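What follows is a single structure, written as structure tokens, with notes after it.
Protein chains: 2
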Amino acid sequence: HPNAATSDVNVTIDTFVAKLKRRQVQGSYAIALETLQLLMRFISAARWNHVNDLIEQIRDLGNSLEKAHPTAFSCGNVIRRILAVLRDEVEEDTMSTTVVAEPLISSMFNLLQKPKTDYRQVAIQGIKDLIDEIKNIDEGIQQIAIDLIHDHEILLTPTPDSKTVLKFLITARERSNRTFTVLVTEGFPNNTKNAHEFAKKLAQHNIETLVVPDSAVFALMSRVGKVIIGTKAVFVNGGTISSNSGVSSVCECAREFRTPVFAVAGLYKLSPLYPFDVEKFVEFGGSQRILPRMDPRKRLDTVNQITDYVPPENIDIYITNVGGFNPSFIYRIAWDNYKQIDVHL
Amino acid sequence: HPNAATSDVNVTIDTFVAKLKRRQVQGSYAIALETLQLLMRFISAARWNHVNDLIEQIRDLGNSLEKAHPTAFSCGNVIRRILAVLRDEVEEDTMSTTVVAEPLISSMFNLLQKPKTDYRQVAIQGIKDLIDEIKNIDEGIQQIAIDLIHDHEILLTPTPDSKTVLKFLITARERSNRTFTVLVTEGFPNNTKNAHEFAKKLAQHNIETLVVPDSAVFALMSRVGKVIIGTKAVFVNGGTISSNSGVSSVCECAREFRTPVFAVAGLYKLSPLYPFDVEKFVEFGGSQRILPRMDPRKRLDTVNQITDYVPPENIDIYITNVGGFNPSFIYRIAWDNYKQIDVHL
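Protein chains in written order, with PDB author numbering: chain D, 10 to 108, 113 to 128, 147 to 376; chain C, 10 to 108, 113 to 128, 147 to 376.
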């Protein structure tokens with residue numbers, strides 16, 4: 010389905026498309042908020058009267074949105090989240106229009126046994160609940176996370192870019208009973224500016240700050256207590272795409288030294304998609320920021336990448352608003368929020 | 010050869026044999042001293058005039074001494090040490106009686126190219160030098176060893192029995208610039224009393240003492256900086272026989288956590304023998320110290336062993352009076368002091 014029907018009534022589709030492609034929109038948290046407001050505008054304005062035609066139209070809109078921007082997983086997840094909230098209430102509604114439906118638990122096995148209302152209002156409130164969930168994640172993290180780190184323990188941190196992780200770290204430092212030393216890898220080609228702001232906010236709160244070059248990670252790994260990841264997107268197998276530069280090597284460095292790896296994330300950040308190849312999912316950077324002068328750049332073919340991937344073999348915990356989960360279990364948390372059909376849009 | 014010739018002239022042979030079998034003599038350092046004084050009495054008293062008949066007689070005496078006591082490696086090594094000091098001076102003497114002898118270095122390859148004096152005085156002085164070497168090892172250790180351990184690092188120690196290691200630890204604590212926390216595994220069935228005296232002498236010098244049960248080793252390994260071994264005997268492949276109880280598991284615990292392993296030893300403690308099987312070399316303890324009452328001991332077949340073995344896969348450094356060496360090199364240090372023939376006595 011094209012945007013020919015939604016042009017005069019809905020204009021904000023194309024402005025979000027413009028915000029993605031030229032990267033005017035920044036940070037998964039913000040991308041999610043916009044798509045929420047998009048779906049808010051879609052239900053409030055449209056006229057449908059039919060339900061199945063409506064849902065499949067939403068599926069096509071989400072399909073086009075993910076094709077417009079591949080790194081906007083938070084875009085794709087939010088739509089998929091509302092899709093499933095819709096689908097449950099429709100399946101509840103069809104049971105009343107026809108007239113045991115309660116075997117034991119909420120399982121799977123969709124290959125075995127076969128099969147006017149206020150539905151739109153529920154769809155409205157379903158968006159509102161998603162916003163409030165994205166608004167408050169930190170409260171759900173701090174009750175699980177600030178139980179695992181001890182006094183006189185040194186914390187090494189790749190990806191200082193995450194707003195989520197920094198605020199988790201500040202709530203722990205607020206506790207006068209807890210003392211920890213912070214090592215921060217720079218992440219030269221991208222994270223530098225963000226890493227420097229990270230080091231500034233730690234000094235602002237008076238926490239023992241240590242700025243580390245990306246070479247020196249090995250030269251400290253014997254002294255490191257724990258490793259924390261500021262992830263962007265979490266996957267089925269467990270693995271993460273993080274907010275740029277110098278993570279993968281640090282995780283490899285941690286595993287060889289058998290140093291524990293922590294990850295702080297949200298369920299909206301969590302994705303039901305599978306990373307079959309890193310080659311497709313990871314976004315590459317601009318080599319302009321590395322080396323000046325273009326006549327030597329004929330011979331200097333420089334390689335730089337923004338997003339960094341970690342395989343599930345390294346990290347052990349994904350502390351969310353719900354709780355702490357192991358990478359060998361995180362798939363269930365995903366299927367508790369997104370349906371099997373709501374993947375290939 | 011029997012002790013029928015050496016009975017009225019030499020009496021102290023049989024008193025040392027009695028000291029070994031009933032374990033009246035204690036600690037490898039003391040066993041070495043006695044055998045030195047035995048060989049001191051053998052040269053001072055005997056009449057030989059011939060050299061090759063003398064050396065082969067000494068070989069038979071050493072063969073009988075090791076058969077009398079298998080755990081007295083320090084006995085076996087000291088004889089082997091003087092044997093080689095003898096053999097070099099004889100080979101130097103035969104070159105003058107006959108009349113390049115200097116190819117490059119001091120090699121091996123005894124399978125390639127073929128072949147009155149003050150010799151007895153040299154044999155006398157050779158014993159004297161061995162004593163002085165055994166008298167002073169600590170001076171040669173402290174100059175290599177107290178260079179590797181840092182401030183705020185936690186040291187876990189199996190085998191508190193060694194006089195060598197404790198004195199190495201006290202010289203480092205003497206340095207006001209160096210601070211370290213000491214964890215000590217108890218070693219229940221044997222080391223207990225010695226471990227408690229170890230903890231007392233650390234408090235006497237005011238070093239942060241921590242007494243650890245043999246179960247709790249794992250529960251601390253994440254926090255451990257380094258591991259130190261108080262070995263009794265070191266071998267060709269690198270591996271060690273240590274002064275009793277709870278070492279092997281600690282070393283296994285260290286390797287899994289990738290925590291560094293240190294060993295403090297002497298060259299007289301070092302052996303040219305190969306441990307083909309632990310089954311033969313390790314001495315077993317007395318089960319009386321575990322469990323009382325003999326009527327249940329019909330059904331309670333309890334297992335306890337004194338000496339503990341460590342494979343070379345774990346430890347990394349053997350700091351001696353000469354210096355620090357890797358287990359993949361220690362064989363050369365051995366061959367620099369003992370000859371190839373002087374093994375199978």
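The beta carbon of each residue, even a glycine, is placed where N, CA and C say it ideally should be.
Contact list for residue 288 (chain D) against chain C, beta-carbon separation under 8 Å: At a C-beta separation below 8 Å, residue 288 (chain D) has these neighbours in chain C: 289.
May I have the straight-line CA-CA distance separating residue 270 (chain C) from residue 172 (chain C), to the nearest angstrom? Cα to Cα, residue 270 (chain C) sits roughly 19 Å from residue 172 (chain C).
Element boundaries [beta strand (DSSP E), containing residue 184 (chain C)]: Start and end: 184-188.
Through-space distance from residue 150 (chain C) to residue 60 (chain C), alpha-carbon basis: Residue 60 (chain C) and residue 150 (chain C) have their C-alpha atoms some 9 Å from each other.
Taking the alpha-carbon positions, what's the residue 186 (chain D) to residue 293 (chain C) distance? Between residue 186 (chain D) and residue 293 (chain C), the C-alpha separation is close to 27 Å.
Run the CB neighbour count on residue 117 (chain D), radius 10 Å, all protein chains shown included, and call it buried at 16 or more, exposed below. Counting Cβ neighbours within 10 Å, residue 117 (chain D) comes out exposed, since fewer than 16 surround it.
Helix, strand or coil: which one does DSSP assign to residue 349 (chain D)? In this structure, residue 349 (chain D) counts as strand in the three-state DSSP scheme.
Here's the rule: buried if 16 or more other CB atoms are within 10 angstroms of the residue's CB, otherwise exposed. What is residue 11 (chain D)? Using a 10 angstroms sphere on the CB of residue 11 (chain D), the tally of other CB atoms stays under 16, which defines it as exposed.
Give me the DSSP bridge partner(s) of residue 160 (chain C). Paired residues: none, contrary to the question.
Indicate whether residue 196 (chain D) and residue 99 (chain D) have their beta-carbon atoms separated by less than 7 Å. Residue 196 (chain D) is not a Cβ neighbour of residue 99 (chain D), given a cutoff of 7 Å.
Tell me the DSSP secondary structure of residue 340 (chain D) in three-state form. Residue 340 (chain D): strand per DSSP, three-state reduction.
To the nearest angstrom, how far is it from the Cα of residue 338 (chain D) to the Cα of residue 279 (chain C)? Each residue's alpha carbon lies about 45 Å from the other.
Should residue 21 (chain C) and residue 50 (chain C) be called a contact, given that it needs their Cβ atoms to be closer than 7 Å? One thing to note: residue 21 (chain C) has its Cβ within 7 Å of the Cβ of residue 50 (chain C).
Check for me: the beta strand (DSSP E) holding residue 258 (chain C) runs from which residue to which? The continuous beta strand (DSSP E) containing residue 258 (chain C) extends over residues 257-260.
Would you check if the distance between the CB atom of residue 245 (chain D) and the CB atom of residue 212 (chain D) is smaller than 7 Å? No, Cβ-Cβ distance for residue 245 (chain D) and residue 212 (chain D) is not below 7 Å.
Start-to-end residues for the alpha helix (DSSP H) that takes in residue 44 (chain D): First-last of the alpha helix (DSSP H) with residue 44 (chain D): 37-54.
I need the DSSP call for residue 166 (chain D), collapsed to helix, strand or coil. Here residue 166 (chain D) sits in helix by DSSP.
To which residues of the same chain is residue 107 (chain D) closer than 6 Å at the C-beta, ignoring the five residues directly before and after it? Cβ contact annotation for residue 107 (chain D) (same chain, cutoff 6 Å, sequence separation greater than five): none.
Cβ-based burial, residue 43 (chain D) [other Cβ within 10 Å; buried from 16]: Counting every other CB atom within 10 Å of its CB across the protein chains shown gives residue 43 (chain D) a total of 16 or more, marking it as buried.
N- and C-terminal bounds of the beta strand (DSSP E) containing residue 294 (chain D): Residue 294 (chain D) -> beta strand (DSSP E) spans 292-295.
Quick one: give me the first and last residue of the alpha helix (DSSP H) that residue 280 (chain D) is part of. 279-287 is the extent of the alpha helix (DSSP H) around residue 280 (chain D).
Are the beta-carbon atoms of residue 221 (chain D) and residue 273 (chain D) separated by less than 7 Å? Residue 221 (chain D) places its beta carbon 7 Å or farther from that of residue 273 (chain D).
Using 8 Å for Cβ pairs, my map puts residue 219 (chain D) next to residue 191 (chain D). What's the rounded Cβ distance? So it is not a contact: roughly 13 Å between Cβ atoms.
Check whether the region 231-249 of chain D touches the region 157-169 of chain D, taking contact to mean three or more Cβ pairs, one atom from each stretch, closer than 8 Å. The region 231-249 of chain D, when compared against the region 157-169 of chain D, does not touch it at the 8 Å Cβ threshold.
Please determine whether the Cβ atom of residue 12 (chain D) lies at a distance below 6 Å from any heavy atom of the ligand PLP. Among the components of this structure there are no ligands whatsoever, and the ligand PLP is therefore not found.
With C-beta atoms as the reference, is residue 175 (chain C) less than 7 Å away from residue 350 (chain C)? It is a contact, given that the beta carbons lie within the stated cut-off.
Element boundaries [beta strand (DSSP E), containing residue 215 (chain C)]: Taken as a continuous stretch (DSSP letters only), the beta strand (DSSP E) holding residue 215 (chain C) covers 211-216.
What is the rounded straight-line gap between the Cα of residue 225 (chain D) and the Cα of residue 334 (chain D)? Their backbone Cα atoms lie some 21 Å apart in a straight line.
Going by Cα to Cα distance, which pick from C:336, C:311, C:308 and C:371 is closest to residue 321 (chain C)? Comparing Cα positions, the closest option is C:336.
Mind checking whether residue 122 (chain D) and residue 302 (chain D) have CB atoms under 7 Å apart? Going by C-beta atoms, residue 122 (chain D) is not nearer than 7 Å to residue 302 (chain D).
Do you know offhand how far residue 287 (chain C)'s Cα is from residue 256 (chain C)'s? The C-alpha of residue 256 (chain C) is placed about 14 Å away from the C-alpha of residue 287 (chain C).
DSSP state of residue 304 (chain D), grouped into three classes? Taken through DSSP and simplified to helix, strand or coil, residue 304 (chain D) comes out as coil.
Hey, residue 161 (chain C) and residue 204 (chain C) are a contact pair by Cβ (cut 8 Å); roughly how many whole angstroms apart? With a Cβ gap of about 30 Å, residue 161 (chain C) and residue 204 (chain C) do not count as contacting.
Residues in the same chain with beta-carbon distance under 6 Å from residue 314 (chain C), minus the five sequence neighbours each way, listed in chain order, please. Counting only Cβ-Cβ distances below 6 Å, and skipping sequence neighbours, we find 80, 337 and 338.
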